[PDB]
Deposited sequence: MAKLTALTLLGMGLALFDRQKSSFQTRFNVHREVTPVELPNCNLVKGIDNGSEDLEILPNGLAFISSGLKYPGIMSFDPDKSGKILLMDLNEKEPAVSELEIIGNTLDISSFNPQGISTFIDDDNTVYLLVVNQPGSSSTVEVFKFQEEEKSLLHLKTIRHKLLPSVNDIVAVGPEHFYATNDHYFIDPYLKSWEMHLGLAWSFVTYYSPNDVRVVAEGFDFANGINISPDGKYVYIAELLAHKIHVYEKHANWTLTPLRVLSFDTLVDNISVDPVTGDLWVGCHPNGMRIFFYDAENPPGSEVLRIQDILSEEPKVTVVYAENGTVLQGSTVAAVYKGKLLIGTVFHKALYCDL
């Protein structure tokens, strides 16, 4: 029990550095960049839990961030508190952005339409459901269709907290669509990152406190069946997938004590993994970037675009590096 706490929170871990050539802090990101997603054309959305969605054009040489204006009357901005995000590009090239929201005491998924010329997000729909009690991240598979991780079974934060420390592992994953919402996987100890292979045939789920990434075959009827489970010596948080290769790019918290019981004199470090050939017998895992937090603290996500690496954090900055 003190033993399972030590292993779940990886309380002994320290970080061997892995450096990258030319890394710059992104000016204007100082209060979190928890999740991000990069479109094929190099525009990157970043959420920051005011809650905001930020935009970077990664085709520029030193991209600057701008704050996207949210418009519409279906959303209260004043309680907007974004967590994970996901995009869906329709047949006509309409870009939808799905954003997990934690407005006060509950959980929603907000659906926006991205209006490129205006640099704006038009709110379309607030989704909520009983099978979405505690949403951490989603992967979109249509404008209003996604898989969602619930990082807890309970809604009440006092109960979440007991639920986590008791080690219940009741977190679960929900398939959500206008006609049909169901649990597709369950029994996780803090499910969180989630993503999908470019051909739509596999779904990847990060189980934070177990230090695992689960690979599920995804079927024509939207059901998932377990295929493989990879384990790591780090708390895996968000998963990004490179659409050209299918590689996973994963933001990780080496030592979970530092990220869950925050201490400015012992702040969390950062770590990015690349996973290739995830279906093969020895998937290739590489630490691409790793540090103890003297530059970037609490890395949650990383993705790559034409030789650059962008890395976001729970409550700190963001880092842009050459690979």
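- When the deposited sequence is numbered from 1, the segments without any C-alpha atom are 1-19, 69-81.
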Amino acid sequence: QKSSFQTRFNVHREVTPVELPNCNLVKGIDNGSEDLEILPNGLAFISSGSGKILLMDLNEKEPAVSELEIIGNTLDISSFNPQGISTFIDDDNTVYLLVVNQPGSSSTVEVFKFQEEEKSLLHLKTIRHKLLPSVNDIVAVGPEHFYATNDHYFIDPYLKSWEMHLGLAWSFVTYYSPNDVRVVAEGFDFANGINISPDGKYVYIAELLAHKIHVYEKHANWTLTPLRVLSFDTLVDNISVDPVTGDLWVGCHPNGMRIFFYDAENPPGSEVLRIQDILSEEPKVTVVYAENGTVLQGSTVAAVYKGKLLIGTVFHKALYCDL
From here on, numbers count along this sequence of modelled residues.
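- Per-stretch averaging of Cα B factors for 123-131 and 100-108 places 100-108 on top.
- Checked against the record, the higher mean CA B factor of 57-65 and 287-295 lies with 57-65.
- In the deposited coordinates, the residue among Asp233, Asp90, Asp237, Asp151 with the greatest CA B-factor is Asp90.
- Within the listed group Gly246, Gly200, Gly142, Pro178, the record reports its top CA B-factor for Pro178.
- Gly72: CA B factor lies in the middle third for its chain, per the PDB record.
- In the deposited entry, the Cα temperature factor of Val18 places it in the middle third of its chain's modelled residues.
- Ranked by C-alpha B-factor against the other modelled residues of its chain, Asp189 falls in the lowest third.
- Placement of the Cα temperature factor of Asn266 within the chain: highest third of the modelled residues, per the deposited record.
- In the PDB entry, a CA B factor belonging to the lowest third of its chain's modelled residues is recorded for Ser33.
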